[PDB]
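> my sequence and its experimental structure, below.
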Amino acid sequence: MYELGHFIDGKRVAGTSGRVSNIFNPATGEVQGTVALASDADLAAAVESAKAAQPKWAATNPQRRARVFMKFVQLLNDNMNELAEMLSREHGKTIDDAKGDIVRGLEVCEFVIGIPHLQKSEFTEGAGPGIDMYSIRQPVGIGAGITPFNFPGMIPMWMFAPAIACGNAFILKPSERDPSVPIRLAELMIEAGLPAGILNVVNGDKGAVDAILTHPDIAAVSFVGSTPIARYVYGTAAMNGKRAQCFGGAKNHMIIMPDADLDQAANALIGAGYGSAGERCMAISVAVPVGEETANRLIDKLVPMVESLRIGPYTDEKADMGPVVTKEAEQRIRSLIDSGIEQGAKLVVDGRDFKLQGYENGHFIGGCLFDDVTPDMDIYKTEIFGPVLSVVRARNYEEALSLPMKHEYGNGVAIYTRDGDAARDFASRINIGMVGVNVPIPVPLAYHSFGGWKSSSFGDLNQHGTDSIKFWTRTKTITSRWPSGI
Amino acid sequence: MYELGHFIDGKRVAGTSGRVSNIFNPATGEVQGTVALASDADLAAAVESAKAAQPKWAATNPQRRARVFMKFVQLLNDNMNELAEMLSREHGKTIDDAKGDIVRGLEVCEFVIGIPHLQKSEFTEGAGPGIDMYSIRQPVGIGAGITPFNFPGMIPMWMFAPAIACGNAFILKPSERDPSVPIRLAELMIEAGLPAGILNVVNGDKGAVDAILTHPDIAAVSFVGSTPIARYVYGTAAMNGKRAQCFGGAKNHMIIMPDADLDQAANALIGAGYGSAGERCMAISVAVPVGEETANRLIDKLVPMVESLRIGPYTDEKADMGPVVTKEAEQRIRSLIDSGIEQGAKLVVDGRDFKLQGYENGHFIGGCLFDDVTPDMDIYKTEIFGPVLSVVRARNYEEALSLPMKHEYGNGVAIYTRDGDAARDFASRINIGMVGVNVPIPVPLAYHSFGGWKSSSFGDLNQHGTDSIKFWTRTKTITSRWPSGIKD
Amino acid sequence: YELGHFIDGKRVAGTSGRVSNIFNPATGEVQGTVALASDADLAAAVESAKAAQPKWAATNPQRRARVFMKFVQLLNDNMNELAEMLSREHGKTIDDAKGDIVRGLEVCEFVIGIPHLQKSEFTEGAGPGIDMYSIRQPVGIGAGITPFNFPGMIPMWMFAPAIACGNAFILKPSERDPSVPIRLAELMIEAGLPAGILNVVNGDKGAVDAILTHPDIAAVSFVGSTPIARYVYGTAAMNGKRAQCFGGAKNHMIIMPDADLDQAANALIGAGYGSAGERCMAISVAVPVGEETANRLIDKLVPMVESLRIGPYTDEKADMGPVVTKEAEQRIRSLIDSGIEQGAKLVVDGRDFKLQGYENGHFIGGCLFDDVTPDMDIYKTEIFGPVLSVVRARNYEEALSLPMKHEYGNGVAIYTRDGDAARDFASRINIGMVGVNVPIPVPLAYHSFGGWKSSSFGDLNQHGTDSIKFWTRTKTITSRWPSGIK
Amino acid sequence: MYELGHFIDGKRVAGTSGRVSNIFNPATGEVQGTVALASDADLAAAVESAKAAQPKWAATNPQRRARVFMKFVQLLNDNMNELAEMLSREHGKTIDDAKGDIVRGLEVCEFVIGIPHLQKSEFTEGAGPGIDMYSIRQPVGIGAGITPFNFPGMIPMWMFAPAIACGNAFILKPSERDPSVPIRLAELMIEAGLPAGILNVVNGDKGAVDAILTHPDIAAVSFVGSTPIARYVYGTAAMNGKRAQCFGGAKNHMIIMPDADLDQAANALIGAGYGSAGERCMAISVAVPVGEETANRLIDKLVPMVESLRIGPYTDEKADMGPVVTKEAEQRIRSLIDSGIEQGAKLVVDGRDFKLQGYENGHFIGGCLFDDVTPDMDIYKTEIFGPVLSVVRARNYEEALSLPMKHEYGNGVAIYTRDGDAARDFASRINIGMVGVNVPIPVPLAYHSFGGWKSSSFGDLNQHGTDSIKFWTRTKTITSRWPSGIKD
């Protein structure tokens, strides 16, 4: 029965705020402890801490900065299990899923070890008569990052690694569903040799977010979450003159061509759709088999795989997928499911009544699969963020491609085929950020960049990779000339 | 009297609103010509033009795209000083200041000839077993630009040359004070073999601006102009979900260190201070000597040099500067130098007396040099944007430095010193985007980035150079794998 | 009628007193002579280049770029004139000559971007108050040897990057078709390149040697036979110079059973028989994978070869023309014979061809061999003539071993609709340039060109960014200050 | 006493060859041990080892390789002390100077953890109609490194880290004068998870060197050492069709301008001139004082500081200098010194007649300092590679600069001054690879590149940095199109 506060200046720290938010264990439904919710006062403190520390960290040379991360990765590996447990205990996802989650953040840390090279600027000589021209990439000062429940390990790291490594000081306002991991991360960071103040964790709600966007000393805000909040966070951030990147929702389609490997496809779909209980910005929502036989045979492969999915709490190491995050979330899922039924879709596998003995209060829904889904339906238009697979049947390639093309969401997409032509055209044309050819969850590695299109992002630079070093950095340009002395 | 409309589908086109705005000859104060003020209909038509036109352009390989700009460059060079009389007649700046203004723009178009190199994306083999991962940069679709009166040749090019090279289509909403130049450029692109629709020009005021900010097919907005307005244009752009870059205005300082070549500095102060009437995002607006001595000899250098400035119409090539742009602007300068006296500053060169014979209704105002400027004064805090040079005296280096540091503006800053250390320390810490060491207008060239810091910039990407390419493209990343096929 | 050299901005006759003949390969007989060059002739050119290079090095990258712009102007304005001189000397078609000129016009296009292409890296604060950056400065003076077949394209390949980097260039072209290189150098003065910067010296092995050992030359690039490459690279490196050399080729096309047979077949006809196949990137070996697909391949190949319109460059309707030299005609008629001697079956016999009015010109009918073996000399030596060899392969792994196992690695192609076969292939293959559903996969000027295995020596490619690497040398500066007036 | 052979296929292994070579302790002149000298059957075994091990390593993904190097780095910090002991014992420099050795190489290992991003290639979409074009950087295959005595840790890591991270196999033939360290680095790399076969140390003679240079399955050769030996290793490699980069000798000059902080110049000269007995390719051989009021005052600060030098064995942690590497190395330095007196030089500090109580017979030489040296002298022309720093008095900036300009060697050069103009002019014009402004030893860090000009380097790619990634990979360029197939 724990109380989590903030982490400001190198210490776990309770707020001055009266307010406190309670953390559930989603597998039992029960309250497990609480999160300090920051007040404007608490937030102002965080910035001050950041302000004081940042000049000197800026002044630490790139190689030294990177060695902090090299120790941080070592530390992370060391705490693989302990970090993975608190994460699974608060979020619901299997231990393996949490480890995967943390491994992915680690990988951006590995990437940022290369900051000395990643941060070099361009030089030119003889731009004029005796005139040299060169740029420098300097810190932006202080930055804030806002994080969702879905990844309370990987997405903070995604942002604070490149921001910190760049010489910035960073403030993380994470989700108050699972706030344990972000705080452990800040602690290990100092244990790795980060100065106090450089990475602060502040917990809270809309108040805290709003305090971040209005706060004059924070230059850059980074957001991942839902599209209506992202649109808000982006806009509000821009009004207060900050730079901003925001990443929102998804309704990700997997097109299956008649010539694809249906077995690989089927297996990919089962993992991509139901893994982590569908609770993912990069999960496959909608399968689009092309043609009647492909759609019949795909279904036939998939329903016994869905029915046999193993559902349990994180303490059950055999479980394929766990409980969803909250009772709010479970019910929203349940509502969508029944509307799928009301609108004429065929629920070929019905996980509505699954009940796990000794865990009745836990937020458990068995996996669900819909067939004959069409674009009018809400199960189509809406991101469900729950264990629900929609099969939409396409007559052909052109018809198939229209579906992801025309959806307001454009985060990830996958086409499954042997035909190079089919793949190149599709991956070429589709108005989506991240395209998987015979790959289901096409999330780029740390040294590339992640970002959707259309309604799934806002701004002009992605997350991690080369783009991130642009976001956390501002460019000085120097024009240099000399008169004769000696 | 001439009638300018918009430029849509490769054609000069009249507005559909009856709304019009006046274009003056700043030298003579009179009114030659008229600009159509775009309706929402007019704007909608430029967008529908662009929306039809771009895919096939997006589909032209980058080498063929490069070739348009190649030819376009030759075309400007052919129409160089037929294009410059145009600029000078509407704006007031001399044929040499227009000449460069266009040249600078033309350089962006030379930079963008290398779009095939420039637009390359990154590949990786075996990020995973059997697995390849690689980026591609694609057009964002349809972008738009809003440009101020000072530079109607250059800044449009800044925006549209990189936009269009990347495979996009563009709409330009220029300043209507001086809108001949923008339409001609659009007309020259056709002649260079640019598909119709890809570059549209739309004149208008705020109503057009808002029409752009809110149009759902316009993906990216680029703006240069006043700070307050930029801040508004940034905000709205974001609320409407677009990506956006905006660059505000300045109060650029120069720091003269004791050891500096006081001749070389004093010279550069006149030309950067008063050239183009002081009407620049990047002109020198404060002079900061370090020490009483340095001050004194500089003031003694400048005054005859300010006095002996030839002021007149673009039509006299002798002239070192000319008319301020509009009567509305010239009065806000006049009033600002008045607060210069009320506020305790000692004015040393007084150019309000100036009337160019017969030109009494021209927007002529001579040179103004102030001394003993304090931080408190309006004249120091506010962007005069006129032929008014303020001189602030600092006892030491650390204080000389404190001045541009503490200021709300932060586009440019120069330091004049023979000391390697003074120059490295200073350029290192100063929180200004463009930094000049012994150079008065540290404007980067087309292959570098342009952008100020603090309140002279909004957003995270800069103007021209590598950044523009990043701004006018969006990343796609492909992760790729195969199932064992006919090979086995 | 009599070509000499082009030294220091105007054509000059040589002191050597020696000459090479220039045949018109259509008629067969001589039409003009080129000066061979002495050491004094060669030395006078290095002295021009030494005089002009520092002031050329001085001019900024923008002004340097502008010369190339205007040189692309003029190159278009003389397209016609140029491809005419090239054709009557080389024997390549007027349309083929046009391609030759354009393919190097496009390198010139590339180097118009040298301002950005020459940028250096800068670090700030890599130690306390210590910066470090680099500058890419001119090598000094370059040299280039070009073979007979591309007197337009390959000289430009070399000298355009070399000269844009601020260097001076000495070109020693082929004394077979030498008019184009002078005209090119002459046209460069017209664009406003200083004199002495681009000088053509003509000659044989005697001139190569005088270049290979001249102390003021730093870099050397060569294309030609592997044996000459070998030695030029060998000799350069011994004289302490830096070298890039490119050699011979035996380029296979592998047609998979699922390829688009028409498209393929059509391609063999272009790439095997274009310009009588006088090319480092021509296709020489067809490797059908099916028994059935080798059968149909031939079925649609034979009428294609047979109906090849052969004619002198003056027949603008001809596909092909004369080989460059009486000597070459003999080499190839010798190789066609060993084919028949060694078991291969000539299914189109071209030896028989004589062209009315041009009976002594080096014309030779297309030759298609079948049941070719990898033990045969038509397979392992480079014909450089109008002769395509078809090697029957039973399977993919067996087909793939042919290009892999061959001493040459210039180009390769695979024709298939299977994304799998194409990627695995391009992935593993031994060869620098790989075409998938593409016959002659020469990379564009912004990319770079080079063979692997025996087809290239050194570590940098032609054109692209590699070319800027070769004509440049890095300086690195570490900079810092004592306390003073600050 | 000990016996070292080779590391081949994950193991310490004896050489099948008859021949062996002596390892001395330069402090005492004793023989501590013996290296085996490789025969061609010993090298061949190593090459087949690499041949078998390389494909699978190249098949491991960039992230997974970087990880090995990440581990290696922790292992270096773990064994820092054992390693410096072993190094210093054989070679003779301080434990402190050996720590540098390892750390300067360990930082190449850091640089390379980032290979996933470093090995990206370039992608281009629709280079033609429906044709994408892109390159892959696959490995070169099997490489080799031949390293001198002075840095038997730093310079192997220089070559093998880039090489291995690029998924290549490596063969290291280090200096047989101090071979304990490399084999340990090879062992340590096995601990880090590098597969057997991937890092092989082969110890040997010119017989080893030739064997490497003539082996059909080695694709690439890096060499550091003599200019004459560089030229040979370069020329031979090339005639066997390998690619090569060779790095040679040095005569590093330091120019002191009158406005320089002499206290600092002087202190720098102590470290850079004498540290590690001056057995560095980046050590300062020539002090070039500009003006005589400078020249006189430099010597005035310079003389006590030399004579104060503590000279001792690696075992005396207090010592600034150890012995030189061999009996032979000493005989030339003593010989060359006498040449100085013989030709005119003024020996203001005499190190000749100094031995050490208990360490007579160990190769010790007191620091020597010449004044009034000129370019005709031998101590100016030759690389001394011992504790002998020449002073050449230049009358002016221009004359001072001609000194390095004109020299056979162009490895490194420093200039010391407060003047921005002199720093820039010098750094720019000079024909030297690495340049220092108020920096004594301008060796770039691992993320930049190392390499001198003129006689000091060969080939067209430097050491470490993005250069080295380019040396250890070949480019393959794919051009891709598809025929309309199963899609509608």
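Noted; the coordinates are in hand. Numbering: from 1, shown residues only, chains lettered A, B, ... in the order given.
> which strand or helix spans the closest residue to residue A:194 other than its chain neighbours?
Spatial nearest neighbour of residue A:194, excluding adjacent residues (Cβ to Cβ, 6 or more residues apart in numbering or on different chains): residue A:68 at 5.3 Å. In short, each C-beta sits where N, CA and C put it, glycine included. With secondary structure defined by DSSP states H and E, residue A:68 is part of helix A:62-78.
> so who does residue A:159 touch?
A:143, A:145, A:147, A:170, A:172, A:222, A:463, A:468 (Cβ atoms under 8 Å, 6 or more residues apart in numbering or on different chains).
> how near is residue A:145 to residue B:475?
The gap separating residue A:145 from residue B:475 is 20 Å, by Cβ to Cβ, to the nearest Å.
> kindly report the same for residue A:188.
Relative to residue B:475, residue A:188 is positioned 31 Å away (Cβ to Cβ).
> now do residue A:57
From residue A:57 to residue B:475 the distance is 29 Å (Cβ to Cβ).
> ok, the residue nearest to residue A:194 touching residue A:192?
Yes - counting by Cβ atoms under 8 Å, residue A:192 is a contact partner of residue A:68 at 5.4 Å.
> neighbour count: the two, which is higher?
More neighbours surround residue A:68 than the other of residue A:68 and residue A:192, with 22 against 18 (other Cβ atoms under 10 Å in any protein chain shown).
> what parts of the stretch 51-200 of chain A come near chain D?
A:63, A:66-67, A:70, A:73-74, A:107, A:110-111, A:113-114, A:116-118, A:120, A:125, A:130, A:132 (Cβ under 8 Å from any Cβ of the partner chain).
> domain-wise, how is chain A divided?
With domains defined by curated CATH domains, chain A comprises A:2-248+A:452-482, A:249-451.
> what residues sit buried inside stretch A:395-411?
A:397, A:400-401, A:403-404, A:407, A:409-411 (16 or more other Cβ atoms under 10 Å in any protein chain shown).
> of those, which belong to helices?
In helices, judged by DSSP state H, the following of those are found: A:397, A:400-401, A:403-404.
> make JSON lines out of these and add distance to chain B.
Shown next, in JSON lines, are these (distance: Cβ to the nearest Cβ, whole Å):
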{"residue": "A:397", "distance to chain B": "18"}
{"residue": "A:400", "distance to chain B": "18"}
{"residue": "A:401", "distance to chain B": "15"}
{"residue": "A:403", "distance to chain B": "18"}
{"residue": "A:404", "distance to chain B": "13"}
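> between these, which sits nearest chain D?
Nearest to chain D among these: residue A:397, at 4.1 Å, using Cβ to the nearest Cβ.
> can you tell me, leaving aside adjacent residues, what's nearest to that closest one?
In this structure, residue A:397 finds its nearest non-sequential neighbour in residue D:487, 4.1 Å apart by Cβ to Cβ, 6+ apart.
> quick one, phi/psi of that neighbour?
Main-chain torsions, residue D:487, degrees, to the nearest 10: phi -60, psi 150.
> what does stretch A:329-343 contact?
With Cβ under 8 Å, 6+ apart as the test, stretch A:329-343 has contacts from A:324, A:347, A:352, A:363-365, A:368, A:370, A:373, A:376-379, A:382, A:384-388, A:390.
> contacts only, for residue A:35.
Each residue near residue A:35 by Cβ under 8 Å, 6+ apart is listed here: A:3-5, A:20-23, A:176, A:179, A:203.
> buried only: go through the residues you listed for me.
A:4-5, A:20, A:23, A:176, A:179, A:203.
> which of those sits closest to chain D?
residue A:179 (29.3 Å).
> you'd agree the closest one is up against residue A:4?
Yes - at 5.2 Å, residue A:179 and residue A:4 qualify as touching, with contact defined as Cβ under 8 Å.
> who touches both of these two?
With Cβ under 8 Å, 6+ apart as the test, residue A:179 and residue A:4 both reach A:23, A:35, A:203.
> wait, which of these is closest to chain B?
For the shared contacts of residue A:179 and residue A:4, the nearest to chain B is residue A:203 (26.4 Å; Cβ to the nearest Cβ).
> list the buried residues in stretch A:84-92.
Buried, per 16+ other Cβ under 10 Å, within stretch A:84-92: A:84-92.
> who touches it?
For stretch A:84-92, contacts defined as Cβ under 8 Å, 6+ apart pick out A:23-27, A:32, A:93-95, A:97-99, A:101-102, A:149, A:152-153, A:177-181, A:184, A:277, A:279, A:314, A:322-325, A:363.
> drop anything exposed from these.
Buried members of the contacts of stretch A:84-92, scored by 16+ other Cβ under 10 Å, are A:23-27, A:93-95, A:97-99, A:101-102, A:149, A:152-153, A:177-181, A:184, A:277, A:279, A:314, A:322-325, A:363.
> ok, residue A:281 - contacts?
Residues near residue A:281 by Cβ under 8 Å, 6+ apart: A:150, A:224, A:247, A:249-250, A:411, A:456.
> how about 10 Å then?
A:148, A:150-151, A:155, A:224-226, A:247-250, A:252, A:383, A:385, A:409, A:411-412, A:441, A:443, A:450, A:452, A:456 (Cβ atoms under 10 Å, 6 or more residues apart in numbering or on different chains).
> ditto for residue A:398
Applying Cβ under 10 Å, 6+ apart, the residues near residue A:398 are A:290, D:487-488.
> go ahead and confirm residue A:303 touches residue A:370.
No - counting by Cβ atoms under 10 Å, residue A:303 stays clear of residue A:370, with 11.3 Å between them.
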